[PDB]
>>> print(open('structure_21.pdb').read())   # PDB, C-alpha atoms (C1' of nucleotides)
ATOM      1  CA  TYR A 293      92.148  50.308  96.251  1.00  0.00           C
ATOM      2  CA  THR A 294      88.899  50.442  98.206  1.00  0.00           C
ATOM      3  CA  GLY A 295      87.902  53.377 100.388  1.00  0.00           C
ATOM      4  CA  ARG A 296      89.156  56.155  98.104  1.00  0.00           C
ATOM      5  CA  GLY A 297      85.996  57.791  96.866  1.00  0.00           C
ATOM      6  CA  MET A 298      85.174  54.877  94.548  1.00  0.00           C
ATOM      7  CA  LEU A 299      82.701  52.171  95.572  1.00  0.00           C
ATOM      8  CA  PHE A 300      84.200  48.688  95.920  1.00  0.00           C
ATOM      9  CA  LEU A 301      81.858  47.106  93.381  1.00  0.00           C
ATOM     10  CA  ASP A 302      82.560  49.965  90.982  1.00  0.00           C
ATOM     11  CA  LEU A 303      86.292  49.161  91.157  1.00  0.00           C
ATOM     12  CA  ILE A 304      85.591  45.550  90.114  1.00  0.00           C
ATOM     13  CA  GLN A 305      83.667  46.643  87.015  1.00  0.00           C
ATOM     14  CA  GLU A 306      86.345  49.070  85.853  1.00  0.00           C
ATOM     15  CA  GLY A 307      89.051  46.458  86.417  1.00  0.00           C
ATOM     16  CA  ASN A 308      86.865  44.028  84.474  1.00  0.00           C
ATOM     17  CA  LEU A 309      87.326  46.276  81.430  1.00  0.00           C
ATOM     18  CA  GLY A 310      91.080  45.863  81.854  1.00  0.00           C
ATOM     19  CA  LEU A 311      90.726  42.072  81.786  1.00  0.00           C
ATOM     20  CA  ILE A 312      88.913  41.995  78.446  1.00  0.00           C
ATOM     21  CA  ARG A 313      91.661  44.252  77.061  1.00  0.00           C
ATOM     22  CA  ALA A 314      94.399  41.848  78.209  1.00  0.00           C
ATOM     23  CA  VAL A 315      93.004  38.712  76.527  1.00  0.00           C
ATOM     24  CA  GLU A 316      93.012  40.455  73.122  1.00  0.00           C
ATOM     25  CA  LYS A 317      96.762  41.159  73.580  1.00  0.00           C
ATOM     26  CA  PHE A 318      97.938  37.843  75.031  1.00  0.00           C
ATOM     27  CA  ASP A 319      99.479  34.853  73.280  1.00  0.00           C
ATOM     28  CA  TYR A 320     101.286  31.575  73.893  1.00  0.00           C
ATOM     29  CA  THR A 321     104.414  32.640  71.947  1.00  0.00           C
ATOM     30  CA  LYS A 322     105.689  34.270  75.129  1.00  0.00           C
ATOM     31  CA  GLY A 323     106.793  31.626  77.601  1.00  0.00           C
ATOM     32  CA  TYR A 324     104.818  33.010  80.543  1.00  0.00           C
ATOM     33  CA  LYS A 325     101.539  32.489  82.388  1.00  0.00           C
ATOM     34  CA  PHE A 326      98.456  34.592  81.677  1.00  0.00           C
ATOM     35  CA  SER A 327      98.298  35.732  85.317  1.00  0.00           C
ATOM     36  CA  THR A 328     101.520  37.764  85.123  1.00  0.00           C
ATOM     37  CA  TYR A 329     100.372  39.487  81.917  1.00  0.00           C
ATOM     38  CA  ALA A 330      96.836  40.225  83.133  1.00  0.00           C
ATOM     39  CA  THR A 331      97.709  41.967  86.420  1.00  0.00           C
ATOM     40  CA  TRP A 332      99.449  44.828  84.587  1.00  0.00           C
ATOM     41  CA  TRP A 333      96.306  45.604  82.594  1.00  0.00           C
ATOM     42  CA  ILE A 334      94.034  45.211  85.650  1.00  0.00           C
ATOM     43  CA  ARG A 335      96.093  47.703  87.660  1.00  0.00           C
ATOM     44  CA  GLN A 336      96.228  50.104  84.700  1.00  0.00           C
ATOM     45  CA  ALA A 337      92.444  50.198  84.195  1.00  0.00           C
ATOM     46  CA  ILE A 338      91.673  50.544  87.908  1.00  0.00           C
ATOM     47  CA  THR A 339      94.177  53.336  88.559  1.00  0.00           C
ATOM     48  CA  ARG A 340      93.287  55.299  85.426  1.00  0.00           C
ATOM     49  CA  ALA A 341      89.566  55.113  86.263  1.00  0.00           C
ATOM     50  CA  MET A 342      90.293  56.109  89.853  1.00  0.00           C
ATOM     51  CA  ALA A 343      92.072  59.174  88.502  1.00  0.00           C
ATOM     52  CA  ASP A 344      89.207  59.912  86.107  1.00  0.00           C
ATOM     53  CA  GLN A 345      86.176  59.256  88.328  1.00  0.00           C
ATOM     54  CA  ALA A 346      86.878  59.682  92.035  1.00  0.00           C
ATOM     55  CA  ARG A 347      86.851  63.431  92.547  1.00  0.00           C
ATOM     56  CA  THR A 348      83.836  65.704  92.138  1.00  0.00           C
ATOM     57  CA  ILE A 349      85.979  68.316  90.398  1.00  0.00           C
ATOM     58  CA  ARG A 350      87.770  66.264  87.764  1.00  0.00           C
ATOM     59  CA  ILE A 351      91.557  66.429  87.843  1.00  0.00           C
ATOM     60  CA  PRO A 352      93.514  65.471  84.695  1.00  0.00           C
ATOM     61  CA  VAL A 353      95.429  62.187  84.817  1.00  0.00           C
ATOM     62  CA  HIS A 354      98.860  63.809  84.856  1.00  0.00           C
ATOM     63  CA  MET A 355      98.035  66.211  87.685  1.00  0.00           C
ATOM     64  CA  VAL A 356      96.740  63.197  89.653  1.00  0.00           C
ATOM     65  CA  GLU A 357      99.997  61.264  89.287  1.00  0.00           C
ATOM     66  CA  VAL A 358     101.891  64.399  90.397  1.00  0.00           C
ATOM     67  CA  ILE A 359      99.957  64.834  93.668  1.00  0.00           C
ATOM     68  CA  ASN A 360     100.083  61.200  94.820  1.00  0.00           C
ATOM     69  CA  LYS A 361     103.813  61.119  94.026  1.00  0.00           C
ATOM     70  CA  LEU A 362     104.493  64.207  96.155  1.00  0.00           C
ATOM     71  CA  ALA A 363     102.182  62.920  98.880  1.00  0.00           C
ATOM     72  CA  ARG A 364     104.166  59.684  99.229  1.00  0.00           C
ATOM     73  CA  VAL A 365     107.537  61.457  99.373  1.00  0.00           C
TER      74      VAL A 365
ATOM     75  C1'  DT B   1      41.033  29.807 108.581  1.00  0.00           C
ATOM     76  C1'  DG B   2      43.859  31.748 112.539  1.00  0.00           C
ATOM     77  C1'  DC B   3      48.408  32.709 114.306  1.00  0.00           C
ATOM     78  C1'  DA B   4      53.143  34.629 113.893  1.00  0.00           C
ATOM     79  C1'  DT B   5      56.387  38.331 112.127  1.00  0.00           C
ATOM     80  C1'  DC B   6      58.406  42.411 110.327  1.00  0.00           C
ATOM     81  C1'  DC B   7      58.182  46.759 108.249  1.00  0.00           C
ATOM     82  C1'  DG B   8      57.031  51.504 107.934  1.00  0.00           C
ATOM     83  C1'  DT B   9      55.743  56.032 110.396  1.00  0.00           C
ATOM     84  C1'  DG B  10      55.833  59.697 113.959  1.00  0.00           C
ATOM     85  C1'  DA B  11      57.465  61.518 117.984  1.00  0.00           C
ATOM     86  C1'  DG B  12      57.285  70.862 120.192  1.00  0.00           C
ATOM     87  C1'  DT B  13      58.723  75.389 120.578  1.00  0.00           C
ATOM     88  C1'  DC B  14      61.785  79.261 119.417  1.00  0.00           C
ATOM     89  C1'  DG B  15      67.207  80.488 120.757  1.00  0.00           C
ATOM     90  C1'  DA B  16      73.386  78.778 119.642  1.00  0.00           C
ATOM     91  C1'  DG B  17      76.445  77.809 115.077  1.00  0.00           C
ATOM     92  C1'  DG B  18      80.582  76.710 109.608  1.00  0.00           C
ATOM     93  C1'  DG B  19      86.139  72.218 107.175  1.00  0.00           C
ATOM     94  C1'  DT B  20      85.648  65.721 107.076  1.00  0.00           C
ATOM     95  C1'  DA B  21      90.867  60.160 104.179  1.00  0.00           C
ATOM     96  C1'  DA B  22      95.002  57.401 100.894  1.00  0.00           C
ATOM     97  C1'  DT B  23      98.751  53.823  96.760  1.00  0.00           C
ATOM     98  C1'  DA B  24     104.259  50.808  90.868  1.00  0.00           C
ATOM     99  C1'  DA B  25     104.800  54.491  88.336  1.00  0.00           C
ATOM    100  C1'  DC B  26     106.292  55.907  83.869  1.00  0.00           C
ATOM    101  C1'  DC B  27     108.095  56.772  77.880  1.00  0.00           C
ATOM    102  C1'  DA B  28     105.977  57.329  74.192  1.00  0.00           C
ATOM    103  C1'  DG B  29     103.395  59.542  70.966  1.00  0.00           C
ATOM    104  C1'  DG B  30     100.750  63.107  69.655  1.00  0.00           C
ATOM    105  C1'  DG B  31      96.863  66.227  69.202  1.00  0.00           C
ATOM    106  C1'  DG B  32      95.090  71.044  70.119  1.00  0.00           C
ATOM    107  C1'  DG B  33      94.455  75.594  71.879  1.00  0.00           C
ATOM    108  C1'  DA B  34      97.160  79.604  73.966  1.00  0.00           C
ATOM    109  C1'  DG B  35     100.512  83.157  73.072  1.00  0.00           C
ATOM    110  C1'  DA B  36     104.419  85.439  69.423  1.00  0.00           C
ATOM    111  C1'  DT B  37     105.682  88.299  63.634  1.00  0.00           C
ATOM    112  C1'  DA B  38     104.536  90.600  58.279  1.00  0.00           C
ATOM    113  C1'  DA B  39     100.569  92.274  55.027  1.00  0.00           C
ATOM    114  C1'  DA B  40      96.286  94.755  53.664  1.00  0.00           C
ATOM    115  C1'  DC B  41      93.901  99.590  53.821  1.00  0.00           C
ATOM    116  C1'  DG B  42      92.787 104.481  55.146  1.00  0.00           C
ATOM    117  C1'  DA B  43      93.762 108.742  58.534  1.00  0.00           C
ATOM    118  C1'  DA B  44      97.487 112.174  61.074  1.00  0.00           C
ATOM    119  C1'  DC B  45     101.353 115.019  59.223  1.00  0.00           C
ATOM    120  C1'  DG B  46     104.232 116.990  55.987  1.00  0.00           C
ATOM    121  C1'  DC B  47     106.404 119.636  53.251  1.00  0.00           C
ATOM    122  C1'  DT B  48     104.918 120.323  48.831  1.00  0.00           C
ATOM    123  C1'  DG B  49     103.906 125.113  47.898  1.00  0.00           C
ATOM    124  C1'  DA B  50     100.425 126.042  44.822  1.00  0.00           C
ATOM    125  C1'  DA B  51      96.671 128.748  44.522  1.00  0.00           C
ATOM    126  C1'  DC B  52      93.838 132.381  46.221  1.00  0.00           C
ATOM    127  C1'  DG B  53      92.789 137.008  48.225  1.00  0.00           C
ATOM    128  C1'  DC B  54      94.078 140.844  52.579  1.00  0.00           C
ATOM    129  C1'  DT B  55      96.047 144.567  53.545  1.00  0.00           C
ATOM    130  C1'  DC B  56     100.249 148.030  52.277  1.00  0.00           C
ATOM    131  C1'  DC B  57     103.451 150.775  49.886  1.00  0.00           C
TER     132       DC B  57
END
>>> encode(input="structure_21.pdb", output="structure tokens")
Amino acid sequence: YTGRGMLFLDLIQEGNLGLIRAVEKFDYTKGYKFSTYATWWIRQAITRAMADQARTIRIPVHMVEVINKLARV
DNA sequence: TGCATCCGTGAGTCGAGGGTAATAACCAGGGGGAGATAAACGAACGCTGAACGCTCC
């Protein structure tokens, strides 16, 4: 997700918040590796922050998901 | 102590002119302001004439 109005190092720090979230909600009772669980939370934190901090005029999160959806189609 | 290196600064004058890119995507819940219907008063009207006077027989 580099090169979209957010600095590359800034993306790492916001994703880093997602990682600390994931460890508090992870356990061995599920028969799966930590890597599969973590990547969901990493992607969530990065994409939400990108929605909330890239544009000069802030756009609400649900308008942002509308425009990128229509752009791709 | 001398020699080598790099970093910062400055480099004319007025004229002419405007727009830039890219990636899991959702229920689920739920709060919070922005637009839709009955109650408190007093002011137009309303007939209520009643109650006063203004001319007339």
>>> residues_around(input="structure_21.pdb", residues="residue 339 of chain A", least_positions_apart="3", cutoff="12 Å", atoms="all atoms listed in the file", output="list in words")
residues 293, 294, 296, 298, 303, 304, 306, 307, 310, 332, 333, 334, 335, 336, 342, 343, 344, 345, 346, 353, 356, 357 and 360 of chain A; 23, 24 and 25 of chain B
>>> atom_distance(input="structure_21.pdb", atom1="atom CA of residue 302 of chain A", atom2="atom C1' of residue 20 of chain B")
22.7 Å
>>> closest_residue(input="structure_21.pdb", among="A:351, A:320, A:340, A:330", to="chain B", atoms="only C-alpha atoms (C1' of nucleotides)")
A:340
>>> atom_distance(input="structure_21.pdb", atom1="atom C1' of residue 27 of chain B", atom2="atom CA of residue 317 of chain A")
19.8 Å
>>> atom_distance(input="structure_21.pdb", atom1="atom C1' of residue 26 of chain B", atom2="atom CA of residue 358 of chain A")
11.6 Å
>>> closest_residue(input="structure_21.pdb", among="A:323, A:314, A:295, A:350", to="chain B", atoms="only C-alpha atoms (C1' of nucleotides)")
A:295
>>> build_atoms(input="structure_21.pdb", residues="segment 343-356 of chain A", atoms="N, CA, C and O atoms", output="mmCIF file, in the frame of the given file")
data_model
loop_
_atom_site.group_PDB
_atom_site.id
_atom_site.type_symbol
_atom_site.label_atom_id
_atom_site.label_comp_id
_atom_site.auth_asym_id
_atom_site.auth_seq_id
_atom_site.Cartn_x
_atom_site.Cartn_y
_atom_site.Cartn_z
ATOM 1 N N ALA A 343 91.662 57.812 88.821
ATOM 2 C CA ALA A 343 92.072 59.174 88.502
ATOM 3 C C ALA A 343 90.941 59.936 87.828
ATOM 4 O O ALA A 343 90.740 61.125 88.088
ATOM 5 N N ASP A 344 90.185 59.264 86.965
ATOM 6 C CA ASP A 344 89.207 59.912 86.107
ATOM 7 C C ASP A 344 87.809 59.979 86.705
ATOM 8 O O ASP A 344 86.948 60.648 86.127
ATOM 9 N N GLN A 345 87.543 59.316 87.834
ATOM 10 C CA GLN A 345 86.176 59.256 88.328
ATOM 11 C C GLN A 345 86.012 59.406 89.829
ATOM 12 O O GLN A 345 84.878 59.340 90.301
ATOM 13 N N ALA A 346 87.069 59.637 90.593
ATOM 14 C CA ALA A 346 86.878 59.682 92.035
ATOM 15 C C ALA A 346 86.441 61.049 92.516
ATOM 16 O O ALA A 346 85.545 61.150 93.354
ATOM 17 N N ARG A 347 87.055 62.103 92.009
ATOM 18 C CA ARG A 347 86.851 63.431 92.547
ATOM 19 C C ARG A 347 85.686 64.126 91.860
ATOM 20 O O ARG A 347 85.415 63.908 90.677
ATOM 21 N N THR A 348 84.970 64.936 92.643
ATOM 22 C CA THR A 348 83.836 65.704 92.138
ATOM 23 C C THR A 348 84.280 66.702 91.081
ATOM 24 O O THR A 348 83.667 66.819 90.015
ATOM 25 N N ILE A 349 85.347 67.436 91.369
ATOM 26 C CA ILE A 349 85.979 68.316 90.398
ATOM 27 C C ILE A 349 87.060 67.479 89.725
ATOM 28 O O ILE A 349 87.991 67.008 90.382
ATOM 29 N N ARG A 350 86.855 67.165 88.448
ATOM 30 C CA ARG A 350 87.770 66.264 87.764
ATOM 31 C C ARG A 350 89.156 66.871 87.667
ATOM 32 O O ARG A 350 89.315 68.053 87.362
ATOM 33 N N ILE A 351 90.155 66.047 87.925
ATOM 34 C CA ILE A 351 91.557 66.429 87.843
ATOM 35 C C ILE A 351 92.157 65.615 86.707
ATOM 36 O O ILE A 351 91.889 64.412 86.625
ATOM 37 N N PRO A 352 92.904 66.230 85.789
ATOM 38 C CA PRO A 352 93.514 65.471 84.695
ATOM 39 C C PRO A 352 94.507 64.449 85.211
ATOM 40 O O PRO A 352 95.096 64.629 86.276
ATOM 41 N N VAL A 353 94.692 63.387 84.418
ATOM 42 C CA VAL A 353 95.429 62.187 84.817
ATOM 43 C C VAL A 353 96.860 62.509 85.225
ATOM 44 O O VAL A 353 97.401 61.907 86.158
ATOM 45 N N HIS A 354 97.468 63.498 84.584
ATOM 46 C CA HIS A 354 98.860 63.809 84.856
ATOM 47 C C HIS A 354 99.035 64.680 86.090
ATOM 48 O O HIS A 354 100.054 64.570 86.774
ATOM 49 N N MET A 355 98.087 65.570 86.374
ATOM 50 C CA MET A 355 98.035 66.211 87.685
ATOM 51 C C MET A 355 97.816 65.214 88.818
ATOM 52 O O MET A 355 98.357 65.400 89.913
ATOM 53 N N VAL A 356 97.001 64.177 88.597
ATOM 54 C CA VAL A 356 96.740 63.197 89.653
ATOM 55 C C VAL A 356 98.001 62.421 90.005
ATOM 56 O O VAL A 356 98.284 62.180 91.181
#
